[PDB]
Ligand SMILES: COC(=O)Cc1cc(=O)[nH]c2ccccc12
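Listed next as structure tokens is one chain, alone, in the form solved without the named molecule.
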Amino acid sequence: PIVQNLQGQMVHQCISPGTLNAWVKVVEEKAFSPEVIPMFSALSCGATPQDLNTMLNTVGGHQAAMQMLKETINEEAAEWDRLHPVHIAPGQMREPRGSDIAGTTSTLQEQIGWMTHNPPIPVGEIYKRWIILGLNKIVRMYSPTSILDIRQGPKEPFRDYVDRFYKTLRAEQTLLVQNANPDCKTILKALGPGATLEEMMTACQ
């Protein structure tokens, strides 16, 4: 990544073993559960495009997912090129293309130069945006259950049903009452409109 040193200047730092292992392990343990994406963003704090490719490329499984991610990246790269066309002068900074932002046709030194320029061109942040767009698509696709099929069981605790409900909703990206069981539904209808989730959970506890 690029970080501020002890004296304030922006400089490159190697991606740590800790960071590398943390990402690989969370993918192994959580697959494409929605919470993996906030973890990805935090672990890639200050990342260059090289760092972002490292993280994605260190993943061993899920190659269907990783190929879909490349497609999304290539769509975002193409749209960047459509909005930001480029036409170099000796010792001067060239303008980044889509593939340069994706770390494919740019060197680490060039990425550092764009990221630390004044004004800066935040190629790590632009690429992470594209990557997260792609990851969100995968999270949605690999969501195993529709929200329409999350219904409260006859003796399922309401808290457990609401957990299942908002877990599914998060992945998929009124109905809570409708999908409740008969006993809690009668209690929830009695509360009337504008009841908070807290109030609903308290009532069916």
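Residue indices: 1-based, along the sequence shown.
Another form, the form solved in complex with the named molecule, is not on view; read the next lines as being about it.
Among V177, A31, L43, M66, the residue placing a heavy atom within 4.5 Å of the named molecule in the bound PDB entry is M66. Proximity to the named molecule in the bound PDB entry, defined as a heavy atom within 4.5 Å, holds among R140, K70, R159, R151 only for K70.
Annotation: in the bound PDB entry, residues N57, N74 and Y127 each come within 4.5 Å of the named molecule through at least one heavy atom.
Taking the partner from elsewhere, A102 is found to have a heavy atom lying within 4.5 Å of the named molecule in the bound PDB entry.
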